>>> print(open('structure.txt').read())   # compact mmCIF, C-alpha atoms
# COMPACT_ATOMS: atom_id res chain seq x y z
CA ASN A 1 62.09 93.57 179.72
CA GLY A 2 63.38 90.01 179.52
CA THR A 3 66.48 88.23 178.25
CA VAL A 4 67.24 88.36 174.51
CA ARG A 5 69.89 86.29 172.75
CA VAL A 6 71.27 88.54 170.01
CA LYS A 7 72.63 86.69 166.97
CA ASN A 8 74.68 87.85 163.96
CA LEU A 9 75.90 91.04 165.64
CA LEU A 10 78.49 93.02 163.73
CA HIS A 11 81.65 92.93 165.85
CA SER A 12 83.73 96.03 165.09
CA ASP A 13 85.52 98.49 167.44
CA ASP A 14 82.48 100.81 167.36
CA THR A 15 79.91 98.21 168.39
CA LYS A 16 82.23 96.92 171.17
CA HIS A 17 82.28 100.39 172.71
CA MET A 18 78.49 100.22 172.64
CA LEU A 19 78.52 96.78 174.31
CA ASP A 20 80.81 97.78 177.19
CA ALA A 21 79.02 101.09 177.66
CA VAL A 22 75.62 99.37 177.82
CA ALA A 23 76.90 96.69 180.20
CA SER A 24 78.45 99.49 182.27
CA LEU A 25 75.12 100.90 183.45
CA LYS A 26 73.55 99.11 186.40
CA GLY A 27 70.37 97.49 185.14
CA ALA A 28 71.57 96.00 181.85
CA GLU A 29 73.39 92.65 182.06
CA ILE A 30 75.35 91.60 178.97
CA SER A 31 77.10 88.25 178.53
CA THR A 32 78.25 86.11 175.60
CA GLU A 33 77.10 82.56 174.81
CA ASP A 34 78.00 80.01 172.12
CA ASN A 35 81.72 80.88 172.33
CA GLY A 36 81.20 84.60 171.77
CA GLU A 37 78.83 84.39 168.81
CA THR A 38 75.64 85.11 170.79
CA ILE A 39 75.25 88.25 172.91
CA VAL A 40 72.90 87.71 175.85
CA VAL A 41 71.18 90.92 176.99
CA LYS A 42 69.00 90.90 180.09
CA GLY A 43 67.32 94.27 180.28
CA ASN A 44 65.35 95.45 183.29
CA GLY A 45 62.76 97.64 181.63
CA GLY A 46 64.56 100.97 181.73
CA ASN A 47 65.61 100.92 185.40
CA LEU A 48 69.21 102.07 184.97
CA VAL A 49 71.34 103.75 187.64
CA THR A 50 74.75 105.39 187.59
CA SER A 51 77.79 103.16 188.06
CA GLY A 52 80.16 106.07 188.71
CA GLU A 53 82.44 105.05 185.83
CA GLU A 54 82.51 107.33 182.81
CA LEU A 55 81.37 105.76 179.53
CA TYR A 56 84.35 105.84 177.16
CA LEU A 57 83.12 105.66 173.57
CA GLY A 58 86.35 106.09 171.61
CA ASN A 59 85.24 107.75 168.40
CA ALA A 60 82.03 105.70 168.04
CA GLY A 61 79.88 108.49 166.65
CA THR A 62 76.54 106.70 166.48
CA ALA A 63 77.00 105.13 169.91
CA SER A 64 77.65 108.53 171.48
CA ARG A 65 74.41 109.84 170.01
CA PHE A 66 72.26 106.87 171.04
CA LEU A 67 73.76 106.66 174.53
CA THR A 68 73.43 110.39 175.26
CA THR A 69 69.65 109.97 175.35
CA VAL A 70 69.89 106.66 177.23
CA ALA A 71 72.00 108.53 179.81
CA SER A 72 69.19 111.04 180.27
CA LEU A 73 66.98 108.17 181.60
CA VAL A 74 69.41 106.98 184.27
CA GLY A 75 68.75 107.21 188.00
CA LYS A 76 71.11 108.34 190.76
CA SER A 77 73.15 106.04 193.02
CA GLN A 78 75.71 106.25 195.80
CA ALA A 79 78.41 106.14 193.09
CA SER A 80 77.34 109.35 191.36
CA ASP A 81 74.51 111.76 190.67
CA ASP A 82 75.73 111.96 187.05
CA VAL A 83 76.54 109.92 183.98
CA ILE A 84 79.70 110.99 182.11
CA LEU A 85 80.13 110.19 178.41
CA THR A 86 83.65 110.63 177.04
CA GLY A 87 85.70 109.67 174.01
CA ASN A 88 88.95 110.29 172.19
CA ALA A 89 90.24 113.55 170.70
CA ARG A 90 88.15 113.22 167.54
CA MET A 91 85.04 112.51 169.60
CA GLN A 92 85.71 115.66 171.65
CA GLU A 93 85.57 117.66 168.41
CA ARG A 94 82.40 116.15 166.91
CA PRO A 95 79.27 118.34 167.34
CA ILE A 96 76.34 116.98 169.33
CA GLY A 97 74.59 120.25 170.16
CA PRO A 98 71.28 119.57 168.38
CA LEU A 99 70.67 116.53 170.57
CA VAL A 100 71.81 118.21 173.79
CA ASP A 101 69.58 121.19 172.96
CA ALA A 102 66.48 119.02 172.50
CA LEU A 103 67.15 117.02 175.67
CA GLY A 104 67.75 120.21 177.70
CA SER A 105 64.45 121.56 176.39
CA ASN A 106 62.79 118.40 177.79
CA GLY A 107 64.22 118.87 181.30
CA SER A 108 67.63 117.21 181.00
CA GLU A 109 70.57 118.82 182.75
CA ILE A 110 73.63 118.38 180.51
CA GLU A 111 77.02 120.07 180.91
CA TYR A 112 79.85 120.18 178.34
CA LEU A 113 83.03 119.23 180.27
CA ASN A 114 85.58 121.13 178.07
CA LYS A 115 84.59 121.95 174.43
CA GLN A 116 81.07 123.46 174.47
CA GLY A 117 78.70 122.37 171.65
CA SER A 118 81.08 119.81 170.08
CA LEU A 119 82.08 117.08 172.64
CA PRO A 120 80.73 113.89 174.42
CA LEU A 121 78.82 115.45 177.36
CA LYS A 122 77.83 114.83 181.04
CA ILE A 123 74.15 114.34 182.11
CA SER A 124 72.47 114.90 185.52
CA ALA A 125 70.79 111.62 186.58
CA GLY A 126 67.45 111.18 188.33
CA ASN A 127 65.56 113.61 186.05
CA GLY A 128 64.31 111.41 183.24
CA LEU A 129 62.65 113.05 180.27
CA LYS A 130 59.51 115.17 180.54
CA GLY A 131 57.96 113.92 177.32
CA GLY A 132 55.36 115.87 175.46
CA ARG A 133 56.51 117.80 172.42
CA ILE A 134 60.18 117.70 171.36
CA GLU A 135 61.29 119.58 168.24
CA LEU A 136 64.38 118.83 166.12
CA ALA A 137 65.59 120.59 162.98
CA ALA A 138 64.94 118.30 160.02
CA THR A 139 68.39 119.15 158.59
CA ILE A 140 70.38 117.40 161.35
CA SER A 141 71.69 113.83 161.33
CA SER A 142 68.93 111.22 161.35
CA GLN A 143 70.90 109.60 164.20
CA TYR A 144 69.66 112.37 166.50
CA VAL A 145 66.05 111.51 165.61
CA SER A 146 66.67 107.77 166.06
CA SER A 147 68.35 108.41 169.43
CA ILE A 148 65.34 110.25 170.83
CA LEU A 149 62.86 107.79 169.28
CA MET A 150 64.39 104.79 171.07
CA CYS A 151 64.19 106.36 174.55
CA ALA A 152 60.88 108.21 174.01
CA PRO A 153 58.68 105.35 175.39
CA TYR A 154 60.43 105.93 178.73
CA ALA A 155 59.52 109.61 179.07
CA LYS A 156 57.17 110.67 181.86
CA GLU A 157 54.47 111.61 179.30
CA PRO A 158 53.93 110.41 175.71
CA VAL A 159 56.32 112.06 173.26
CA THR A 160 55.54 113.97 170.09
CA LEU A 161 58.83 114.22 168.13
CA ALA A 162 58.41 116.91 165.46
CA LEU A 163 61.06 117.50 162.81
CA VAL A 164 60.81 121.15 161.77
CA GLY A 165 62.34 123.48 159.24
CA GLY A 166 62.45 121.19 156.22
CA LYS A 167 62.66 117.57 155.10
CA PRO A 168 65.21 115.01 156.38
CA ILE A 169 67.55 113.49 153.81
CA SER A 170 67.95 110.03 155.43
CA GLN A 171 64.37 109.03 156.27
CA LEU A 172 65.12 105.33 155.75
CA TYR A 173 67.18 105.15 158.96
CA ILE A 174 64.38 106.80 160.94
CA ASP A 175 61.99 104.23 159.49
CA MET A 176 64.40 101.43 160.44
CA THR A 177 64.48 102.61 164.06
CA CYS A 178 60.69 102.76 164.10
CA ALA A 179 60.36 99.27 162.64
CA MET A 180 62.78 97.77 165.14
CA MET A 181 60.93 99.46 168.01
CA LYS A 182 57.80 97.68 166.76
CA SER A 183 59.53 94.28 166.83
CA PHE A 184 60.33 95.14 170.47
CA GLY A 185 56.69 95.99 171.16
CA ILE A 186 56.29 99.78 170.75
CA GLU A 187 54.56 101.17 167.66
CA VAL A 188 55.41 104.69 166.50
CA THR A 189 52.65 106.47 164.60
CA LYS A 190 52.87 109.42 162.22
CA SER A 191 50.87 112.62 162.11
CA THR A 192 48.17 112.59 159.45
CA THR A 193 49.12 116.18 158.60
CA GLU A 194 52.91 116.19 159.19
CA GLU A 195 55.07 113.59 157.49
CA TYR A 196 57.97 114.07 159.96
CA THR A 197 56.14 114.35 163.26
CA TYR A 198 56.20 111.09 165.22
CA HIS A 199 53.96 110.04 168.09
CA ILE A 200 55.65 107.52 170.39
CA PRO A 201 53.51 105.76 173.03
CA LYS A 202 54.60 105.54 176.63
CA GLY A 203 55.61 102.02 177.55
CA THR A 204 58.39 99.46 177.89
CA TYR A 205 59.94 97.29 175.20
CA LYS A 206 59.30 93.57 175.40
CA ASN A 207 62.50 91.77 174.44
CA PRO A 208 61.98 88.74 172.17
CA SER A 209 63.80 85.67 173.41
CA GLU A 210 66.02 85.81 170.29
CA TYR A 211 66.74 88.66 167.91
CA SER A 212 72.67 91.07 158.42
CA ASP A 213 73.86 93.52 155.79
CA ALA A 214 71.57 92.88 152.84
CA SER A 215 73.82 94.70 150.37
CA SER A 216 76.75 92.32 150.89
CA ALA A 217 74.23 89.49 151.10
CA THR A 218 73.54 89.97 147.39
CA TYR A 219 76.90 88.46 146.35
CA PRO A 220 76.26 84.87 147.57
CA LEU A 221 72.76 84.97 146.08
CA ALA A 222 74.19 86.33 142.84
CA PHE A 223 76.79 83.57 143.04
CA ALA A 224 73.98 81.00 142.98
CA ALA A 225 72.72 82.24 139.61
CA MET A 226 75.96 81.67 137.70
CA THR A 227 76.38 77.95 138.34
CA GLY A 228 72.81 77.18 139.37
CA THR A 229 73.05 76.32 143.06
CA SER A 230 71.18 77.35 146.21
CA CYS A 231 72.30 80.00 148.69
CA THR A 232 70.30 81.24 151.66
CA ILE A 233 70.56 84.28 153.91
CA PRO A 234 68.82 83.56 157.25
CA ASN A 235 68.10 87.04 158.61
CA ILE A 236 66.70 89.22 155.77
CA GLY A 237 63.37 89.01 153.97
CA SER A 238 60.37 91.17 153.14
CA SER A 239 60.17 92.40 156.72
CA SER A 240 63.71 93.83 156.64
CA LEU A 241 63.91 97.60 157.12
CA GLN A 242 66.91 97.88 154.79
CA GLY A 243 66.44 98.91 151.18
CA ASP A 244 68.34 96.07 149.54
CA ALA A 245 66.09 93.35 150.95
CA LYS A 246 63.99 93.49 147.76
CA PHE A 247 66.93 92.12 145.70
CA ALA A 248 65.57 88.58 145.58
CA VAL A 249 62.12 89.50 144.22
CA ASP A 250 62.95 92.51 142.04
CA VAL A 251 66.08 91.58 140.03
CA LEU A 252 66.97 87.95 140.73
CA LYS A 253 63.37 86.80 140.28
CA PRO A 254 62.91 88.26 136.74
CA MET A 255 66.33 86.87 135.81
CA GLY A 256 64.88 83.37 136.03
CA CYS A 257 65.70 82.38 139.59
CA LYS A 258 63.10 80.72 141.80
CA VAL A 259 62.98 82.13 145.29
CA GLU A 260 62.11 80.67 148.66
CA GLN A 261 61.54 83.98 150.40
CA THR A 262 59.94 83.78 153.83
CA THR A 263 59.70 86.74 156.21
CA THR A 264 63.17 85.90 157.62
CA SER A 265 64.78 83.45 155.16
CA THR A 266 65.84 84.31 151.61
CA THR A 267 66.81 81.38 149.40
CA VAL A 268 67.57 81.59 145.68
CA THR A 269 67.93 78.73 143.20
CA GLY A 270 69.56 79.02 139.79
CA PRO A 271 68.93 77.29 136.47
CA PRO A 272 71.74 75.33 134.76
CA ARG A 273 74.46 77.42 133.20
CA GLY A 274 73.82 79.19 129.92
CA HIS A 275 70.08 79.65 130.60
CA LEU A 276 69.85 82.89 132.60
CA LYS A 277 67.18 85.32 131.41
CA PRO A 278 68.08 88.86 130.29
CA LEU A 279 65.95 91.50 131.94
>>> encode(input="structure.txt", output="structure tokens")
Amino acid sequence: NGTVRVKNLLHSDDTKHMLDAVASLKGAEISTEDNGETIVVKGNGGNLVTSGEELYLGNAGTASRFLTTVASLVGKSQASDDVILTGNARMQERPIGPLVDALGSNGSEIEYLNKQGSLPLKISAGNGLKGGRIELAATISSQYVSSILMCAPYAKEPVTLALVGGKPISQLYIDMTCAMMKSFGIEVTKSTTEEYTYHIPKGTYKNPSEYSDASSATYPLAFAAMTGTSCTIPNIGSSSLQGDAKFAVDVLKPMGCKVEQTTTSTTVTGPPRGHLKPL
């Protein structure tokens, strides 16, 4: 719910497909401000309906996985009783069966248009998701877990998402999804007895009025150590879900650099040259 001005978006071909797909559903209104730098997203609290136009996703793998679950939330319209998700030849060969399986088990009606098991699919609209317990094999892509997590607050009953049959190998991306959900007002909790079962409350995100890559952000901060200047990265701090956000306090701080780290800002300051401390 509400209008959010999104800043510092990565503009690639894959995120553009996500933009135009999102804007394609009736209910989400996307525009650009500040000469294209800011993306303005006015959500309407999950009240999406079919536009009758298929969602072409190119070969945007992650987008196809996230939007397949979004599509399972969509309501019917005079345009169509279905949402169609398509892509290019390589998309129509990528497997998505683990996600389709889980959604089907939760009441979704999904048909593979041509290649069964490995292709962007079609979803019956007006069903929503039943909620309750949803199992996924722990061995699958974390993107399948993230995809279900983000739409789970919109199920008809609170969701328990249980990862079974082992341990996931990319837990950090599941944690990132969970942390971003919290910033948008929904807190995922974990089972006390199962490390990879997630309890997602039923509710609606509240969009902040405003909302980088920390690994590549290390190079301007590391530049500031070798002449002694000040460089600041304005969207990563201690609260950042990424793993390389600790780089200012863990390695640059014991090197003899004095750090203005807030929860969003990250500013380093170097000593004069020839005085850096060996760790």
>>> closest_residue(input="structure.txt", among="A:104, A:274, A:120, A:43", to="residue 67 in chain A", atoms="all atoms listed in the file")
A:120
>>> closest_residue(input="structure.txt", among="A:40, A:102, A:25, A:255", to="residue 7 in chain A", atoms="only C-alpha atoms")
A:40
>>> residues_around(input="structure.txt", residues="residue 260 in chain A", least_positions_apart="6", cutoff="10 Å", atoms="all atoms listed in the file", output="PDB file with C-alpha atoms, keeping the file's coordinate frame")
ATOM      1  CA  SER A 230      71.180  77.350 146.210  1.00  0.00           C
ATOM      2  CA  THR A 232      70.300  81.240 151.660  1.00  0.00           C
ATOM      3  CA  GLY A 237      63.370  89.010 153.970  1.00  0.00           C
ATOM      4  CA  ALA A 248      65.570  88.580 145.580  1.00  0.00           C
ATOM      5  CA  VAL A 249      62.120  89.500 144.220  1.00  0.00           C
ATOM      6  CA  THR A 266      65.840  84.310 151.610  1.00  0.00           C
ATOM      7  CA  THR A 267      66.810  81.380 149.400  1.00  0.00           C
ATOM      8  CA  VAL A 268      67.570  81.590 145.680  1.00  0.00           C
ATOM      9  CA  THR A 269      67.930  78.730 143.200  1.00  0.00           C
TER      10      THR A 269
END
>>> atom_distance(input="structure.txt", atom1="CA of residue 44 in chain A", atom2="CA of residue 105 in chain A")
27.0 Å
>>> closest_residue(input="structure.txt", among="A:26, A:211, A:245, A:56", to="residue 39 in chain A", atoms="all atoms listed in the file")
A:211
>>> residues_around(input="structure.txt", residues="residue 2 in chain A", least_positions_apart="5", cutoff="8 Å", atoms="only C-alpha atoms", output="ChimeraX atom specification")
/A:42-45,206-209
>>> residues_around(input="structure.txt", residues="residue 235 in chain A", least_positions_apart="5", cutoff="7 Å", atoms="all atoms listed in the file", output="PyMOL selection string")
chain A and resi 212+264-265
>>> decode(input="structure.txt", residues="range 95-230 of chain A", atoms="C-alpha atoms", output="short mmCIF file (atom, residue, chain, number, x, y, z; two decimals), in the first residue's frame")
data_model
loop_
_atom_site.label_atom_id
_atom_site.label_comp_id
_atom_site.auth_asym_id
_atom_site.auth_seq_id
_atom_site.Cartn_x
_atom_site.Cartn_y
_atom_site.Cartn_z
CA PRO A 95 13.04 -25.59 -15.38
CA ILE A 96 10.50 -24.06 -13.02
CA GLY A 97 8.71 -27.24 -11.91
CA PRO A 98 9.52 -27.04 -8.18
CA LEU A 99 7.73 -23.71 -7.92
CA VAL A 100 4.77 -24.74 -10.08
CA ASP A 101 4.45 -27.94 -8.01
CA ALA A 102 4.29 -26.05 -4.72
CA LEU A 103 1.81 -23.49 -6.04
CA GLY A 104 -0.41 -26.25 -7.51
CA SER A 105 -0.36 -27.98 -4.12
CA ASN A 106 -1.69 -24.71 -2.63
CA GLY A 107 -4.65 -24.49 -5.02
CA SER A 108 -3.11 -22.73 -8.02
CA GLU A 109 -4.14 -23.87 -11.48
CA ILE A 110 -1.06 -23.65 -13.73
CA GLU A 111 -0.69 -25.07 -17.24
CA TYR A 112 2.56 -25.47 -19.23
CA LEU A 113 1.82 -24.03 -22.71
CA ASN A 114 4.35 -26.15 -24.71
CA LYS A 115 7.37 -27.64 -22.83
CA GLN A 116 6.07 -29.30 -19.63
CA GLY A 117 8.20 -28.85 -16.47
CA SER A 118 10.77 -26.48 -18.04
CA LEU A 119 9.05 -23.29 -19.44
CA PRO A 120 7.45 -19.92 -18.33
CA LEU A 121 3.88 -21.05 -17.50
CA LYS A 122 0.21 -19.85 -17.53
CA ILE A 123 -1.81 -19.37 -14.27
CA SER A 124 -5.61 -19.43 -13.69
CA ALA A 125 -6.61 -16.11 -12.05
CA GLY A 126 -9.19 -15.55 -9.31
CA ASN A 127 -7.95 -18.42 -7.12
CA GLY A 128 -5.34 -16.82 -4.91
CA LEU A 129 -3.27 -19.03 -2.65
CA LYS A 130 -4.77 -21.24 0.06
CA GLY A 131 -2.01 -20.64 2.57
CA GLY A 132 -1.31 -23.02 5.38
CA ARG A 133 1.61 -25.38 4.95
CA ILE A 134 3.71 -25.27 1.75
CA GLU A 135 6.70 -27.61 1.39
CA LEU A 136 9.72 -27.07 -0.89
CA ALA A 137 12.78 -29.28 -1.33
CA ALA A 138 15.73 -27.57 0.35
CA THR A 139 17.97 -28.47 -2.62
CA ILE A 140 16.21 -26.17 -5.12
CA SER A 141 17.15 -22.60 -6.01
CA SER A 142 16.71 -20.18 -3.12
CA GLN A 143 14.84 -17.98 -5.64
CA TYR A 144 11.89 -20.38 -5.38
CA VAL A 145 11.80 -19.87 -1.60
CA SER A 146 12.11 -16.09 -1.94
CA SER A 147 9.34 -16.04 -4.56
CA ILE A 148 6.85 -17.77 -2.27
CA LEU A 149 7.95 -15.75 0.78
CA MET A 150 7.17 -12.40 -0.88
CA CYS A 151 3.58 -13.36 -1.83
CA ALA A 152 2.84 -15.44 1.29
CA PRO A 153 1.32 -12.51 3.29
CA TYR A 154 -1.40 -12.42 0.62
CA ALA A 155 -2.54 -16.02 1.02
CA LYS A 156 -6.03 -16.71 2.37
CA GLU A 157 -4.55 -18.21 5.57
CA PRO A 158 -1.15 -17.68 7.22
CA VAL A 159 1.62 -19.60 5.47
CA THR A 160 4.10 -22.07 6.91
CA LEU A 161 6.88 -22.48 4.31
CA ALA A 162 8.87 -25.61 5.19
CA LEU A 163 12.07 -26.51 3.35
CA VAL A 164 12.42 -30.29 3.52
CA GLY A 165 14.92 -32.94 2.53
CA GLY A 166 18.14 -31.20 3.51
CA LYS A 167 19.80 -27.82 3.99
CA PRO A 168 19.73 -24.95 1.46
CA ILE A 169 23.08 -23.78 0.10
CA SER A 170 22.18 -20.07 -0.39
CA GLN A 171 20.48 -19.13 2.89
CA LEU A 172 21.75 -15.55 2.69
CA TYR A 173 19.36 -14.71 -0.16
CA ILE A 174 16.42 -16.13 1.79
CA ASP A 175 17.46 -13.98 4.73
CA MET A 176 17.70 -10.94 2.44
CA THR A 177 14.13 -11.46 1.23
CA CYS A 178 12.95 -11.81 4.82
CA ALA A 179 14.76 -8.65 5.90
CA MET A 180 13.33 -6.61 3.04
CA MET A 181 9.83 -7.88 3.82
CA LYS A 182 10.35 -6.51 7.34
CA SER A 183 11.31 -3.06 6.01
CA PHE A 184 7.98 -3.24 4.13
CA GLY A 185 6.13 -4.14 7.32
CA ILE A 186 5.82 -7.96 7.44
CA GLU A 187 8.03 -9.95 9.83
CA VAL A 188 8.84 -13.57 8.99
CA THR A 189 9.55 -15.80 11.98
CA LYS A 190 11.42 -19.09 12.14
CA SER A 191 10.45 -22.36 13.76
CA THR A 192 12.17 -22.94 17.09
CA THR A 193 12.71 -26.57 16.06
CA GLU A 194 13.27 -26.28 12.28
CA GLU A 195 15.91 -23.89 10.95
CA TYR A 196 14.36 -23.79 7.45
CA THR A 197 10.66 -23.60 8.23
CA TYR A 198 9.32 -20.05 7.95
CA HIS A 199 6.11 -18.63 9.39
CA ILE A 200 4.81 -15.67 7.38
CA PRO A 201 1.96 -13.60 8.85
CA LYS A 202 -1.09 -12.70 6.82
CA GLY A 203 -1.13 -9.02 5.94
CA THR A 204 -0.24 -6.30 3.46
CA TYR A 205 3.08 -4.55 2.95
CA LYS A 206 3.26 -0.89 3.88
CA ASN A 207 5.38 0.88 1.28
CA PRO A 208 7.82 3.44 2.72
CA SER A 209 7.65 6.78 0.94
CA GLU A 210 11.22 6.21 -0.30
CA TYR A 211 13.26 3.04 -0.61
CA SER A 212 23.60 -0.66 -3.83
CA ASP A 213 26.06 -3.46 -4.47
CA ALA A 214 28.27 -3.46 -1.39
CA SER A 215 31.00 -5.56 -3.02
CA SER A 216 31.72 -2.98 -5.72
CA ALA A 217 31.20 -0.29 -3.09
CA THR A 218 34.43 -1.44 -1.44
CA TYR A 219 36.63 0.04 -4.20
CA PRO A 220 35.82 3.75 -3.56
CA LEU A 221 36.19 3.21 0.18
CA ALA A 222 39.46 1.38 -0.41
CA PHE A 223 40.45 4.27 -2.66
CA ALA A 224 40.06 6.64 0.29
CA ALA A 225 42.69 4.78 2.32
CA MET A 226 45.53 5.18 -0.17
CA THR A 227 45.62 8.97 -0.38
CA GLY A 228 43.71 9.71 2.81
CA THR A 229 40.42 11.21 1.63
CA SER A 230 36.74 10.65 2.42
#
